[PDB]
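Novice: the amino acid sequence is not available; the structure is as follows:
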Ligand SMILES: *[C@@H]1O[C@H](CO)[C@@H](O)[C@H](O)[C@H]1NC(C)=O
Ligand SMILES: *[C@@H]1O[C@H](CO)[C@@H](O)[C@H](O)[C@H]1NC(C)=O
Ligand SMILES: *[C@@H]1O[C@H](CO)[C@@H](O)[C@H](O)[C@H]1NC(C)=O
């Protein structure tokens, strides 16, 4: 069904690379577009965590996990 | 570049549906193959999580979260 | 009527006269099938024995022994 | 009967004195509407289509590229320029190249370079979106009497009457021959939510694909592909198919990412199919709410004599329909017309005619009759047709049948949603309150949920459950109420 | 001086009594060897290639389907079967369909159904993998003396020398005329890993794509598409481009999932391109270690007379090169051969020369000589060539050059990995210790989290940090600094 | 009196006014029906058969192998392939040989090898599984009046009557001659479970074997043999009779495992034999429920005169039937016809009759009569037939007979009660409660422990008893009490 990618760091060298920049930062775009759909729930979800985790520091880790799980 | 999966999105009822079941299944096959290649590291991280205990449900939550975050 | 299996005698360990040495492992499909056919009873035995015993290793080893005694 | 052909028929019924019964005619389903002292009918919705629905926008799936041109200038000189930057319909890029006395410049450093290409769509590689018009959508609903004639699915019953419903069309009266006039209203305003819905064509008449798909307005409008309006001469964002190479000396390459079609077809996975029939674009899901006016149907042949009990023969012995009905056909060699002497006797009550016929007053006539369908209670029965008989064991169980009817109800409520609440009849308090609460809750939920998807459902459920375990104050119990409510609803 | 044409020049320097210098030549790089009392050399790995590597596999990118056939059996008439189920090149599926008196069976229930199509790869839609052979791959090393006559990248130097290396090779002696001999020994077994590498090619004639990609072996072996070895007539897993719709009563539809090529091209995105030149399959990444025996190099022209100071003129005025280095060319109109009086005097300091000449003992000859290269101290300078003078200002800074040089060391460590210790290595115990530490750390980090990729490695690293934030004992506290090292190892 | 021939005889009794009696008939068993003022009948199920059953599978018992072919490749020359790999009716295997200089390859290593053979089934070496059709099986019930004539097992009673019940059978009237008329009805739906029965037939003319066996459907479907459906051209899973030797250079060897008939017949143990009679396929184990109607039976010769007391003579003296009944036969030599003066008294001669005559109103006919069957109270009795007399001592105690009757009830109760609790002529107020309890108990005790078998059942019962010894609290002890009931039911 599906073709996976493989890690950028495997072979490297100084040769020209196909789509050299497209391997990484592009993955953030789906998250931002996801936010731009989710926004009412997203802020709600954030505030749900924010109000419950009065333990401040673990807010960040939890929300990072949730955002990275977010398609 | 990316196109999001519509598979759930229309929630539509009785009829005939394109490629439905393999859409759901392939995500699980992704996780299973990732686990299969990981298993040395996965078992290591399992024992590392054993070095920790807020609760066993926390242990399995963190493990599932990690396996779902990675491919 | 019965013929005793030669692997009980196995007059020389150097032998190669049949597949049968690997087939003996395939015959564990008897236990596994008995598992697969009776999973709910096994899980019952699991839920029983995981709760009734205090010892932790017996809460594996006894169930393993019973499932291996099951034909 | 038609509905025999389908694994999904509903036996709507009405008591004596019942008229103008209400149905919700799901596409891919059938209704066997049976009324005391009246002819039974089969009713169903056969098509939902619109002729030539208007179109929204087009995408391209495979770019054709031509006239690649490049220019570059030494590092201290200035920016590179092409007229092909202004001549719209091109794709272009500006970048910088290392230069020096290796490349006949006077001074080492990075100098400007520009590249442009013409782009167009490959032949027949378009995709197109169509949208329904709520005042041009057409519905069609067919009725067929239970005449006691069987007719295979590749034949047409002589009493199959068709109504076509457009929202401008009032009550329709259909004369069912001898049985009199049925009437319908099927107000189109209860149809599918056309605003959500786009039909996707792929331009090729492919021999091995569905001819069109039905997709949500959002997903179709979101596609990261080059696009245009109909009859606009050039594509917007054509660069989405064109990737430039990294600069090298006075040169840049242009690489073409090729045919996306396999990507789109895979991304469609999960989507409902549709159909195209010349000019007519058919949906394959939906429903409409029909009022059915039974008040003028009449029995046929209550005044005929019985048949001679002797002369019946099994053309086709009683057999299980899978609908918990017994289906059979007899042939008769006597004089015609006459009434068929059907009976069924339970083992427990040798004098009781337990047969609950679906077929009304089963009749033999000069070119037809003798097909019979009946329902029986579970256990052991003997069916009779005069002197002819057959031992039938009705395999079900009463509680099992009730539980199955609950499963059917849950399925209907899941697939239809809130409209299911007013299936059968207005139903008073239970139906109207169920509809009111289900509409309000489902609307608020869909407003939050719409597009969140399956695994995010599971994630949010597990998160809310964990918080319900973790946190202290009594309100958290309500959060758990939400957690369980979502989790079960989504898992169901 | 070829290395001026590249960005990534390197310098290597030898005292008197330098002998066999060690180098790590890298494809797309170029090493200027310099030594006291000797002519300087440019050295580079020109290319790596093999003639006609063995084809590992073909993959198919677009299946043609044809000759769809179907067979079905009523619910008790057992499995339906077709002669097509056994033949080569057929894709088949078996399923069940709901059947009954609606489609002329006697029993209501699930009939058996089977369908088959011919499946064949369409035209040019194949990807071919090729594998190198250690016994036959040729490493071409080139060498060029600093003779001081300039040439463009578009023109071939009068004295460029080629050595070709293979397992059959030895210490190779290259005779560079009056510059003497030079000795190359290059370890073919020290080159790229020829097992891990596969050349992937599509249709080479594709106008807007590179000819090939240097993919990793395990990825190519784990590709999903239909595949076969060379010469085999029938595609394995041909069903993977095919899908069957749900069974209707007596029919199953068959669909073609279309051209996969766009998916493959997208998945490539990590990959370095490769190249094909007729039969010669070239790599575009790699390196070899070599030992360059300088011991028989010879200075030319030390017997020649000095040039007349009066008679120089600029053919090319001084300029920076971006190698922190000044290059120039002079004409001359006296009698010749002669030696060029080149000097640089900083400013306000007339008696201390600062000209670190890289082109040694500069000379002018009949149709030769006149190009000069030097490095200068930061700040104001005056450059002289006889009576000719130019007021060069040397930009940069004293510490800035040291920083830049040490940064290049980090880039070298990043792209070479382990072997960077060999570059310039004249054997030393500290270097051996460095190589031991780097080999053990690299072995651990390549085994542990090998192939995990940067985002999942960030994930694991931060998870390991989190698992140590506030803990019962210091006994494994090294784990946090190991995570820090892992982060650093991840970062680059 | 046929059923004197047969162990597993049962007695059934109707009161005065008893008109209709339920029975369960079974193969190898008989009911002697008696009622006040009515002639006795022997009723039995003669045979359960179907003409020309359908068939389910053929299994092969001995493969014929031929045309072994092998292909092999040197270690890097990819997969070896044979043309026969895709031909129907072949068995193949692929493996790796070891290769080197000694096998004319270039490289030491592992090299692909493939072997294929044609496979066919030996002549007359198939097993065929036949299966019943519920609409066509015939349930043959026979009835004989007690006329007081004796006939051996190899003689036919003059008044034997037969009915052949079927799904079409309705209700049968059997004219018994001078004894009047009996109504008889049987429910084929209540018969053997036709679903779970397969008739395994081996190929013809085996002299020392059964003709066919009656086997469980899942066991038959789980046979570990090559198989095909009816009329299919080639054998599935043909490899099950073939083994491949380890590969050795270019060579690989094929071993036929030979005739599997022995392991089949040794697996057909504890399995009921079936029978075949031309085209009629007979069961040998089964039952049916019937509803005997004593309404119209009447007694011959109630107006006949008493015989001469002096002219009797024993032809067969009183002897034990083994059913706790006495059987005898008298000749008579006077004028005829007349009623036999049978009576019996307990010792002490109280002149109170204690003969329980099973034979109704015993008569010497003009050409028949004179057999008599009696039951008597325990201990010492004197039988009289006119003046003819014989001292008889009746063995069992009354409590022994009561216990023995309960033991017979329990003995039938497992087979009949698993089918149906109501053997005992509708003790409905007790019997329906007993049936309900036994139904739910059997549901539990079959959904648990289903297919576990008696010894593993008992072993798990002992495990549950040890858990009883481990029961921490009273509710747990109640769960043990439930396991006690289970282990009792499984040991019984
Ligand atoms: C319908 O299908 C049956 C298939 O058995 C065929 O015999 C019959 O002629 C068909 N009739 C029509 C009107 O297509
Ligand atoms: C490149 O070199 C060729 C000969 O090798 C020469 O004719 C040409 O002029 C050169 N290019 C330029 C731009 O001068
Ligand atoms: C019945 O069997 C007996 C003993 O075998 C024999 O004397 C008699 O002739 C047989 N009668 C018939 C009709 O077979």
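Specialist: Cool, got the structure. Residues are numbered from 1 along each chain as shown, chains lettered A, B, ... in the order given. Ligands and ions are numbered 1, 2, ... in the order given.

Novice: which SSE is residue A:45 in?
Specialist: Per DSSP states H and E, residue A:45 falls inside helix A:26-52.

Novice: that helix near chain D anywhere?
Specialist: Yes - under the criterion of CB under 8 Å from any CB of the partner chain, chain D is reached by helix A:26-52 at A:37, A:38, A:40, A:41, A:45, A:48, A:52. For the C-beta atoms, the positions are set from N, CA and C on the backbone; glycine is no exception.

Novice: the nearest residue to the third one once chain neighbours are set aside: what secondary structure?
Specialist: Nearest in space to residue A:40, with sequence neighbours left out and distances taken as CB to CB, 6 or more residues apart in numbering or on different chains, is residue D:448 at 7.2 Å. In the three-state summary, residue D:448 is assigned as helix, counting by DSSP: H, G, I helix; E, B strand; the rest coil.

Novice: residue D:448 and residue A:41 touch, don't they?
Specialist: Yes - in this structure, residue D:448 is within contact of residue A:41 by CB atoms under 8 Å, at 5.7 Å.

Novice: okay, these two: which has more neighbours?
Specialist: The neighbour comparison of residue D:448 against residue A:41 (other CB atoms under 10 Å in any protein chain shown) goes to residue A:41, with 18 against 14.

Novice: so how far is residue A:70 from the more buried one?
Specialist: 10 Å (CB to CB, to the nearest Å).

Novice: try residue D:133
Specialist: 37 Å.

Novice: more crowded one of these two?
Specialist: Taking other CB under 10 Å, residue D:133 and residue A:70 do not tie; residue A:70 has more neighbours (17 against 12).

Novice: wait, what's in contact with the more buried one?
Specialist: Taking CB atoms under 8 Å, 6 or more residues apart in numbering or on different chains as the contact definition, residue A:70 lies against A:31, A:34, A:38, D:456.

Novice: can you pick the most crowded of these?
Specialist: residue D:456 (20 neighbours).

Novice: who's in contact with it?
Specialist: Residue D:456 is in contact with A:69, A:70, A:71, counting by CB under 8 Å, 6+ apart.

Novice: ramachandran angles for residue D:90?
Specialist: Dihedral pair for residue D:90: phi -100, psi 170, per degrees, to the nearest 10.

Novice: do residue D:345 as well
Specialist: Backbone torsions of residue D:345, given as degrees, to the nearest 10, read phi -120, psi 130.

Novice: look up how far residue A:67 lies from residue A:45.
Specialist: According to CB to CB, residue A:45 and residue A:67 sit 10 Å apart.

Novice: ok, residue 54 - contacts?
Specialist: Unless you meant another one, I'm taking chain A. By CB under 8 Å, 6+ apart, the contact set of residue A:54 is empty.

Novice: nope, chain D
Specialist: Applying CB under 8 Å, 6+ apart, we find residue D:54 in contact with D:130, D:131, D:133.

Novice: number of residues surrounding the second one?
Specialist: Read that as residue D:131. Residue D:131, neighbours per other CB under 10 Å, totals 16.

Novice: that one reaches residue D:193, doesn't it?
Specialist: No - using CB under 8 Å, residue D:131 is not in contact with residue D:193; the gap is 12.0 Å.

Novice: excluding its backbone neighbours, what's nearest the closest residue to ligand 3 within chain D?
Specialist: Closest to ligand 3 within chain D is residue D:391: 38.0 Å, counting by CB to the nearest ligand atom. Excluding its sequence neighbours, the residue lying closest to residue D:391 (CB to CB, 6+ apart) is residue F:167, at 4.6 Å.

Novice: tell me the contacts of the one you found?
Specialist: D:390, D:391, F:134, F:135, F:188.

Novice: ok, and the closest non-adjacent residue to residue D:136?
Specialist: Using CB to CB, 6+ apart, the closest residue to residue D:136 is residue D:50 (5.6 Å).

Novice: for that neighbour, list each beta-bridge partner.
Specialist: residue D:281 (DSSP bridges).

Novice: the residue nearest to residue A:66 when sequence neighbours are not counted: neighbour count?
Specialist: Of all residues not flanking residue A:66 in the chain, residue A:45 sits nearest, at 7.0 Å (CB to CB, 6+ apart). Residue A:45 has 17 neighbours, counted by other CB under 10 Å.

Novice: let me see the contact set for residue A:45.
Specialist: If you count contacts by CB under 8 Å, 6+ apart, then residue A:45 has A:38, A:66, D:460 around it.

Novice: ok, the second one - how many residues close by?
Specialist: Taking other CB under 10 Å as the neighbour definition, residue A:66 ends up with a count of 18.

Novice: next: residue D:86.
Specialist: 10.

Novice: relative to chain C, how far out is it?
Specialist: 71 Å (CB to the nearest CB, to the nearest Å).

Novice: which residue does chain A bring closest to ligand 3?
Specialist: residue A:1 (76.7 Å).

Novice: residues touching that residue, list them.
Specialist: Residue A:1 makes contact with B:22, B:26, D:266, E:224, E:240 under the criterion CB under 8 Å, 6+ apart.

Novice: buried subset of these?
Specialist: With burial judged by 16 or more other CB atoms under 10 Å in any protein chain shown, the buried subset of the contacts of residue A:1 is D:266, E:240.

Novice: I'd like the contacts of residue A:1 written out as CSV, with secondary structure and distance to residue D:343 added.
Specialist: Converted to CSV, these look like this (DSSP: H, G, I helix; E, B strand; the rest coil; distance: CB to CB, whole Å):
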residue, secondary structure, distance to residue D:343
B:22, helix, 53
B:26, helix, 58
D:266, helix, 60
E:224, coil, 64
E:240, helix, 59
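
Novice: what number of residues are in the vicinity of residue A:67?
Specialist: Other residues lying near residue A:67 total 15 when counted by other CB under 10 Å.

Novice: assign a three-state SS to it, would you?
Specialist: Judged by three-state DSSP, the three-state class of residue A:67 is helix.

Novice: how near is residue A:39 to residue A:52?
Specialist: Distance, residue A:39 to residue A:52, by CB to CB: 20 Å.

Novice: comparing the two, which residue is more hemmed in?
Specialist: Set side by side, residue A:39 and residue A:52 show more neighbours around residue A:52, with 18 against 10, by other CB under 10 Å.

Novice: spatially central residue in chain D, please.
Specialist: residue D:285 (1.7 Å; CA atoms, centre = their mean).

Novice: list the contacts of residue 20.
Specialist: Defaulting to chain A. Taking CB under 8 Å, 6+ apart, one finds residue D:246 in contact with residue A:20.

Novice: should've been chain D
Specialist: Going by CB under 8 Å, 6+ apart, residue D:20 touches D:291, D:292, D:293, D:294, D:295.

Novice: and if you look at residue A:34?
Specialist: By CB under 8 Å, 6+ apart, the contact list for residue A:34 reads A:70, A:71.
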